[PDB]
Amino acid sequence: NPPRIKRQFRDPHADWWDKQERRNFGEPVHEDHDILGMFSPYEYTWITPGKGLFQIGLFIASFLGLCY
Amino acid sequence: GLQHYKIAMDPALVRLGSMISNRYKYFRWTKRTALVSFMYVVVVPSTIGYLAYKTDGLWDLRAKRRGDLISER
Amino acid sequence: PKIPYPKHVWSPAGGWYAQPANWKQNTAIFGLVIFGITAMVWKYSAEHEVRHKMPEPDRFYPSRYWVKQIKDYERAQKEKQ
Amino acid sequence: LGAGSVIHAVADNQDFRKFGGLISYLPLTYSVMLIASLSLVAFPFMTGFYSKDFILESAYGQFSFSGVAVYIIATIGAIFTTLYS
Amino acid sequence: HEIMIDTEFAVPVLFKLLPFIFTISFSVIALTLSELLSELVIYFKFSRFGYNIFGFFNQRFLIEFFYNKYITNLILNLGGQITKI
Amino acid sequence: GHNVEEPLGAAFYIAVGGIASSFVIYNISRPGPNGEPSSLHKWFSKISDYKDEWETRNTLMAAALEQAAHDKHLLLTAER
Amino acid sequence: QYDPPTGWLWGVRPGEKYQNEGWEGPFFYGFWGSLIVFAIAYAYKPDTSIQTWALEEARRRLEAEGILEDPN
Amino acid sequence: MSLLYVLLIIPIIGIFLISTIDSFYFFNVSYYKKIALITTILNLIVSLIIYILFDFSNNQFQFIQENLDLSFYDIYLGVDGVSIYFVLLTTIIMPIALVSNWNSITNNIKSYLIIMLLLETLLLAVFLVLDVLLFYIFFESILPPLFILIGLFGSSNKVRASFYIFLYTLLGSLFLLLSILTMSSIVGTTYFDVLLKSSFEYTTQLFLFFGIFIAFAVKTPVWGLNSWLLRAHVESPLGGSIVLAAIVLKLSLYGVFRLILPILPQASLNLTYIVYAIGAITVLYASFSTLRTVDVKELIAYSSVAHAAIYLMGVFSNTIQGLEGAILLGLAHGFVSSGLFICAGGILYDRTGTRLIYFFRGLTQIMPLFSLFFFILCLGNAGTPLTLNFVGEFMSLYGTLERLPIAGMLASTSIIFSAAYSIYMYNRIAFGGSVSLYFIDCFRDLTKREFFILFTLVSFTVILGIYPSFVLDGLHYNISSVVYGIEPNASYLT
Amino acid sequence: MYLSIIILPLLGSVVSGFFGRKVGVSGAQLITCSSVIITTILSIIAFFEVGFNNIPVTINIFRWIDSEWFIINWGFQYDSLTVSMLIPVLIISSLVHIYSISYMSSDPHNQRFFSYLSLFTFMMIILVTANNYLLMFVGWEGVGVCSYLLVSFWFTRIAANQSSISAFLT
Amino acid sequence: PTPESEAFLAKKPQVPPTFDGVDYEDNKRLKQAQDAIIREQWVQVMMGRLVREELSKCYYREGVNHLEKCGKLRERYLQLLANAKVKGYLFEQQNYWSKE
Amino acid sequence: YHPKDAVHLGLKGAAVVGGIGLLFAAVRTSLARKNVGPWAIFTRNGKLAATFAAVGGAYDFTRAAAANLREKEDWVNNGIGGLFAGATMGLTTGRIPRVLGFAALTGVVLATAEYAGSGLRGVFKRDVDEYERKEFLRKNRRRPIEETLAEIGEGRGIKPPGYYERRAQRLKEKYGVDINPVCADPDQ
Ligand SMILES: CCCCCCCCCCCCO[C@@H]1O[C@H](CO)[C@@H](O[C@H]2O[C@H](CO)[C@@H](O)[C@H](O)[C@H]2O)[C@H](O)[C@H]1O
Ligand SMILES: CCCCCCCCCCCCO[C@@H]1O[C@H](CO)[C@@H](O[C@H]2O[C@H](CO)[C@@H](O)[C@H](O)[C@H]2O)[C@H](O)[C@H]1O
């Protein structure tokens with residue numbers, strides 16, 4: 001089994017046999033191929049999930065502070 | 001049967017499907033599989049059944065007006 | 001630049017860039033068949049619309065010209081003294 | 001529709017970072033789009049002034065805490081609206 | 001519940017008019033920052049405090065990130081667990 | 001330009017002829033101002049009358065199958 | 001400038017015509033024709049719905065009360 | 001002779017003619033196919049004649065023949081407003097089942113046609129017989145010809161698939177046999193009119209329920225138990241898959257209006273919470289795993305499990321609305337599941353020879369007509385208004401909620417998750433990129449055969465979704481005799 | 001008239017969608033646009049007629065769902081709130097069609113686009129003119145289908161596919 | 001009252017909607033009992049349908065003043081909504097209940 | 001009831017069941033294909049006899065114990081002794097899944113055998129007229145309303161005459177609120 005890495009992270013400029021999905025013809029596929037493809041839920045890489053809970057926590061506190 | 005059109009059958013994808021169709025031959029009883037096999041089959045349906053038992057005929061909204069109560073029991 | 005497309009593909013909505021030569025004649029024919037269906041639907045409404053209030057005798061209300069319930073009222077109201 | 005015209009007028013590009021000038025090239029679009037932004041911000045005597053600002057004053061009009069809170073909250077919403085416009 | 005009479009008479013002129021002042025104040029401020037003093041915003045973007053506040057809003061309160069990862073991808077793995085295990 | 005023309009097609013006529021046929025048949029089969037059904041309507045209700053013919057046949061069968069319900073108990077529950 | 005309309009309907013190339021396979025005969029005359037004849041006859045079928053019956057009585061019960069107006 | 005026996009004898013006459021024409025001629029197989037299709041047209045013609053003469057508010061069985069020559073096992077054929085539409089669905093479906101698979105069989109064509117003509121007889125019988133032991137006889141005679149319909153005309157995993165349906169359906173049906181045998185011994189017969197009179201003691205009804213439900217949970221099928229369907233409804237030929245899903249799946253839906261609702265009411269009432277828990281789980285677990293299915297035909301089969309749960313919860317609501325919505329959703333699934341097996345197992349598998357969804361993409365670009373019908377079928381499977389499927393779900397869910405409000409709320413998740421699997425499959429095959437690169441050459445769009453069976457099936461779904469009273473008027477009076485209950489000022493009148 | 005407002009946007013869509021071959025790109029554009037234009041005048045008239053005279057309009061055509069206690073009609077009611085909603089709906093639909101005669105001028109598929117536009121207008125009319133909550137739900141779902149069909153109009157863009165699934169399931 | 005239609009004779013129950021004093025082994029009488037209970041319950045629910053249709057017209061006739069002018073129709077409709085449901089006969093067939 | 005000495009009875013099963021398994025090991029040695037000797041019955045096939053002894057002793061003891069604990073005699077105890085028997089069955093094979101699987105398979109049989117009645121000996125005879133018993137249950141078509149209410153209960157759409165007045169009482173006793181629905185009509 002290959003690593004479970006989404007093809008959203010592959011290069012959008014390589015010599016892919018299938019440019020739309022970023023795949024070469026006989027390449028091995030992870031068993032989770034259905035949901036690793038270009039038409040699958042997106043991976044957001046702006047911040048780590050732990051830090052986001054903090055920042056959305058800060059917005060909530062300020063909103064409560066304005067309410068108070 | 002009928003001859004189909006030419007398909008670039010992918011050696012990779014064919015064996016992926018051949019993996020899935022034959023997958024069950026390799027399932028084993030481990031500590032991990034029992035945990036999932038116990039939660040989905042027993043806990044979650046038992047939990048649903050308990051709520052279904054305790055709320056049976058508990059509430060009726062039919063014709064109920066103000067001054068009357070939704071609870072039937 | 002117009003996209004290259006396969007010419008063997010048949011599509012009810014034309015496909016790519018499809019305009020026939022006779023399109024004005026086809027368009028005209030479709031206009032009448034629409035206008036005929038709408039006319040049947042209008043005669044239906046005229047005879048099945050239901051109002052509990054009746055329009056004033058003097059204010060603009062072009063429905064008074066085609067709806068039976070209203071027209072029967074004003075015809076009856078046009079009988080007094 | 002106004003912002004639809006500016007996207008078409010260039011390359012079907014959509015990014016603000018690569019648009020500039022274009023006030024002389026698109027005289028009608030800017031005015032009409034500024035017709036819209038003046039009412040979007042509810043500039044006095046626009047179509048938005050008679051609706052958007054009545055909710056703000058009717059919010060404070062309902063003399064309750066929740067009414068006052070949403071006045072303050074929606075007022076901040078107004079100021080950031082004027083900002084991105 | 002009605003508030004029309006109060007909103008017509010009770011509200012003071014300050015809160016009745018306040019959105020106009022804010023719009024006329026921050027508009028000239030925004031034009032000045034966007035054109036006259038085109039350096040303050042970059043200090044903000046390239047401050048670390050502003051680098052984070054900027055990316056919190058550009059990323060839409062991180063809502064999509066959380067839904068897609070915690071809600072949507074949970075359902076796909078639940079479906080996988082039921083199918084495989 | 002070109003001169004490849006398009007016939008309106010059979011689908012156009014079946015759809016229009018379908019719409020015409022429904023309105024024509026529906027208007028024909030209406031009962032009327034007050035009662036007075038059509039000759040076809042009088043024919044239809046006549047053929048499928050069965051005023052008591054199902055009730056008379058089902059009553060006999062229920063009686064006999066009740067009777068053999070009793071008779072099978074009697075024969076299968078006899079003293080050894 | 002618009003291109004000419006095109007396409008092989010049923011995959012029939014512009015030279016030849018659709019060859020009848022066999023099904024077309026009974027499916028178009030028997031299968032569909034049975035449904036049109038069913039639809040035409042369904043109009044004259046009498047209505048034995050429980051509602052048409054229950055409405056006529058239930059109107060007469062309400063007519064005794066002031067709830068519905070009686071013509072007589 | 002009765003007119004309900006004419007429905008049975010015509011397919012029997014058709015089997016005789018297919019086997020005795022080659023004796024009047026090396027005759028062509030085309031003439032084998034025409035005879036079988038004409039003879040399923042006649043059954044449809046007769047069945048509509050029966051429907052014109054039906055009486056929509058009669059509480060006696062209709063089209064009965066007085067036998068008065070009693071034996072041990074006698075066929076009694078009656079039609080009722082709760083069974084009429086199941087018969088009509090059978091007779092409309094079986095011609096499309098033949099036309100759908102017209103060029104795809106290619107070998108053993110006589111045997112194929114003789115099995116389907118045999119199947120139509122047995123499935124017509126199961127709705128027409130007036131005994132519960134007679135019901136069981138035909139409910140299980142369909143089992144041998146289906147073992148052979150899959151092993152002769154099935155796909156690669158056909159052998160295991162044919163063993164699964166036969167053995168699961170045999171096992172589950174033998175717990176129903178024990179309960180039928182108990183009812184007959186207590187009452188003396190299994191003729192409907194004598195059973196519905198009789199009221200069993202609570203404990204006996206609690207043990208007849210355990211036995212009729214084991215069977216129907218095996219034959220719904222519920223989630224824990226559906227491993228035969230994911231094999232049989234996929235490895236089978238296209239015509240086999242249409243009958244199995246549209247008609248065979250409903251044998252237990254119509255078998256609850258006969259075997260449970262009128263003769264075991266106290267058990268049905270006190271055990272409903274167990275049914276609803278099972279039904280809620282199969283609405284979720286089946287919906288979750290219909291997302292992750294890489295076989296297109298298997299994805300359609302898994303959809304049927306989630307649909308069947310909604311109608312099973314409707315038939316256990318003790319409400320007039322969930323009972324009629326259950327029949328409507330049974331009919332609705334019949335037309336729509338038929339079309340999606342026609343799309344999956346009969347068009348893509350005809351052109352690609354594969355069912356893996358990895359090879360498909362952007363089929364709208366070269367088959368616009370397939371895309372149009374595939375999307376309408378996919379939206380009915382998603383329970384979208386203007387289709388008969390939406391009405392069946394709305395009324396099924398309402399009764400589930402009025403009876404036990406918590407399970408209906410978990411059943412209503414279907415609204416969200418049926419839409420998620422249906423759109424995701426449609427978007428992956430028709431949309432979702434460009435024409436896939438695994439397609440070495442181009443693929444023709446729909447043939448005139450493929451267009452007109454999809455068009456026929458889609459038309460039934462819409463017109464019945466606009467005017468469901470075409471089916472509701474027959475159901476109201478007859479359904480009104482399987483409800484159990486009283487209201488305080490309306491009961492025990494003087 | 002009132003039941004003609006409902007029907008015209010529907011009819012134009014049928015011609016443009018299943019008959020785009022026959023009328024062509026221009027033929028579809030005229031019928032789709034003009035049919036929606038006509039509906040807009042009919043609804044300007046209905047505003048003065050219903051609102052400015054306080055005369056609600058009822059029509060009932062046939063049953064949809066007829067079970068005991070549950071009778072939902074294929075019926076419509078024009079009241080003060082109804083006619084207010086139609087005026088923005090029909091003008092903005094009427095003008096966006098005219099706008100689109102030039103915006104989509106280079107697109108390969110105009111008969112499909114203008115069909116979806118007419119179809120969308122029909123569904124908002126159904127949504128705001130129903131008698132009951134359940135026929136309201138036909139337009140509520142109908143506009144949902146029409147949105148998915150138009151966020152995904154260029155179905156060859158995977159981004160467009162993702163956003164249409166998101167519109168649909170949310 | 002409205003004249004009783006000809007179609008309203010072949011389906012008019014001839015029997016009181018009860019099971020008291022009804023021999024069950026007499027199938028015709030038992031089936032007619034069953035039919036007599038089904039039709040009373042159905043007339044009761046169609047009585048609500050008609051009152052609800054009148055209420056609807058009263059609502060659109062009076063508009064703002066619906067809250068005062070349509071209450072008698074409201075009262076009748078809300079009584080039928082709890083008094084009438086189609087519950088079948090199966091319970092009444094299998095149980096005997098008396099006033100005492 | 002009369003308490004029973006669990007340890008005594010438990011040994012009896014060990015000797016009864018183990019005694020039979022000792023005869024099975026005797027078959028194994030007699031059919032041995034080599035010159036294994038007489039004492040091989042206790043060395044080569046001893047584990048065969050031990051597992052019978054283990055299973056027999058667990059079952060009768062655990063059942064007799066569970067009989068004492070619940071102070072009742074019924075089909076249930078034949079279950080508890082059954083599960084503890086299959087539990088001991090799987091202890092030999094050393095696999096955890098077989099411990100649960102054997103116990104489930106073992107205990108479900110023994111409960112099913114008992115609850116269904118003793119079939120393998122003489123089935124219990126009620127000694128009553130079968131024609132009367134069968135005919136009563138065929139013609140017992142109606143029941144007293146009170147009888148059905150006990151099993152199902154009033155409610156869930158079973159609203160017997162007087163349900164509202166009783167419901168008034170039930171709600172008043174529990175919630176403590178007087179029921180007084182609104183007239184919903186401004187006149188009378
Ligand atoms: C769509 C399906 C809808 C039906 C299913 C859900 C129905 C839910 C009905 C809830 C209300 C039923 O009736 C309601 O009982 C709850 C019981 O806690 C009471 O709730 C109250 O209980 C206590 C008193 O005991 C109060 O102090 C407390 O403030 C509040 O929780 C309400 O006073 C009563 O009105
Ligand atoms: C309870 C039993 C099970 C129930 C299901 C019954 C299924 C019955 C299947 C149909 C009967 C057998 O069907 C029979 O198939 C054989 C296959 O060799 C056919 O026999 C023929 O097949 C092909 C057909 O082209 C010929 O080339 C070949 O020369 C000849 O043997 C018979 O013409 C057909 O009648």
Side-chain angles (χ1 to χ4, degrees), chain B residues 1 51-52 54-73, chain H residues 11-12 14-25 28-33 35-36 105-123 125 137-138 140-154 162 165-166 169-170 236-237 239-240 243 248 273 276 313 317 319 321-322 394 397-413 415, chain I residues 133, chain K residues 155-157 167-168 170-177 179-182:
Chain B
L51 277 296
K54 295 294 296 180
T55 59
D56 220 358
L58 191 46
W59 302 294
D60 182 45
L61 297 187
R62 182 48 65 101
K64 304 275 196 302
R65 287 189 300 264
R66 252 181 319 104
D68 204 8
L69 273 186
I70 302 179
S71 297
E72 255 191 345
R73 176 174 68 255
Chain H
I12 297 169
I15 289 175
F16 166 72
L17 290 177
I18 293 175
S19 312
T20 56
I21 39 178
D22 213 18
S23 66
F24 304 130
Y25 282 115
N28 192 0
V29 307
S30 181
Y31 182 75
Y32 281 149
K33 307 167 172 262
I35 294 167
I105 293 305
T106 73
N107 206 298
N108 301 293
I109 286 171
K110 277 187 43 204
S111 72
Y112 178 86
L113 307 158
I114 282 159
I115 287 159
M116 317 282 258
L117 284 182
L118 206 50
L119 268 175
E120 184 178 2
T121 317
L122 305 180
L123 291 149
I137 287 165
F138 299 122
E140 283 310 304
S141 55
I142 65 167
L143 204 50
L146 276 160
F147 182 73
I148 296 296
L149 198 71
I150 307 183
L152 269 178
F153 319 97
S162 63
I165 178 197
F166 191 104
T169 308
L170 180 66
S236 54
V243 190
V248 181
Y273 76 100
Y276 273 25
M313 287 173 91
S317 56
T319 307
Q321 271 88 15
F394 191 77
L397 291 181
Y398 170 83
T400 304
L401 185 102
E402 178 172 25
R403 174 63 180 89
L404 191 40
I406 60 104
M409 286 169 192
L410 197 54
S412 74
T413 65
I415 291 151
Chain I
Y133 275 106
Chain K
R156 297 178 307 158
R167 188 182 100 108
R170 194 165 68 261
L171 282 184
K172 182 175 174 66
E173 191 177 4
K174 171 184 180 60
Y175 291 111
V177 176
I179 290 186
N180 197 9
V182 291

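In each ligand, atom 1 is the first atom listed, and ligand 1 is the first ligand listed. Chain naming here is simple, since letters A, B, ... match the order of the sequence lines and numbering starts at 1 in each.
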Next on the checklist: For ligand 2 and H:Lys110, I'd like to know whether there is a polar contact (N/O to N/O, distance under 3.5 Å).
Outcome noted: yes

Among all the protein's heavy atoms, is there at least one whose distance to [atom] comes out below 4.0 Å?
atom: atom 31 (O) of ligand 1; result: no
atom: atom 3 (C) of ligand 1; result: yes
atom: atom 15 (O) of ligand 1; result: yes
atom: atom 21 (C) of ligand 1; result: no

State whether the side chain of [X] and the backbone N or O of [Y] hold a donor-acceptor pair below 3.5 Å, judged by distance alone.
X: K:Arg156; Y: B:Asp56; result: no
X: B:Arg65; Y: K:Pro181; result: no
X: H:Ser317; Y: H:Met313; result: no

Next on the checklist: Which option wins on minimum heavy-atom distance to atom 35 (O) of ligand 1: B:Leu58, B:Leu69, K:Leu171?
Outcome noted: B:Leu69

Checklist entry - Of the listed options (H:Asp22, H:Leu122, H:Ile15, H:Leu118), which comes nearest to atom 6 (C) of ligand 2 when hydrogens are ignored and any heavy atom counts? => result H:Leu118

Among protein heavy atoms, which lies nearest [atom], and at what distance?
atom: atom 17 (C) of ligand 1; result: K:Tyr175 CE2, 4.0 Å
atom: atom 5 (C) of ligand 1; result: B:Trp59 CE3, 3.8 Å
atom: atom 12 (C) of ligand 1; result: B:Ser71 OG, 3.3 Å
atom: atom 11 (C) of ligand 1; result: B:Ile70 CD1, 4.1 Å

Checklist entry - For atom CZ of H:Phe138, is the number of surrounding heavy atoms from other residues, nucleotides or ligands below 6.0 Å larger than 12? => result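 Yes.
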
How about [X] and [Y]: do any of their side-chain heavy atoms sit closer than 4.5 Å?
X: H:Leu410; Y: H:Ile406; answer: no
X: H:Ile105; Y: H:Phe153; answer: yes
X: H:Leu143; Y: H:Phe147; answer: no

Checklist entry - Considering all heavy atoms of both residues, which atom of H:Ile150 and which atom of H:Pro237 are nearest to each other, and what is their separation? => result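 The answer is CA-CD, 4.4 Å.
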
Checklist entry - Looking only at heavy atoms, what is the nearest atom pair of H:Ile115 and H:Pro145, with distance? => result CG2-O, 3.5 Å

Next on the checklist: Which residue in the set B:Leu51, B:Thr55, B:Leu58 passes side chain to side chain contact (heavy atoms under 4.5 Å, CB included) when paired with H:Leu404?
Outcome noted: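 Among the candidates, only B:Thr55 passes.
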
Checklist entry - Hey, which atoms in ligand 1 end up nearer than 4.0 Å to a heavy atom of H:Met409? => result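 It comes down to these atoms of ligand 1: 1 (C), 2 (C).
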
Next on the checklist: I'd like to check which ligand 1 atoms, numbered from 1 as shown, lie under 4.0 Å from a non-hydrogen atom of B:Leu61.
Outcome noted: 3 (C)

Next on the checklist: With a 4.0 Å cut-off on heavy atoms, is H:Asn108 in contact with ligand 2?
Outcome noted: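 The answer is yes, since H:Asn108 has a heavy atom less than 4.0 Å from ligand 2.
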
Checklist entry - Counting from 1, what ligand 2 atoms have a heavy atom of H:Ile115 closer than 4.0 Å? => result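 Under 4.0 Å from H:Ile115, ligand 2 has these atoms: 7 (C).
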
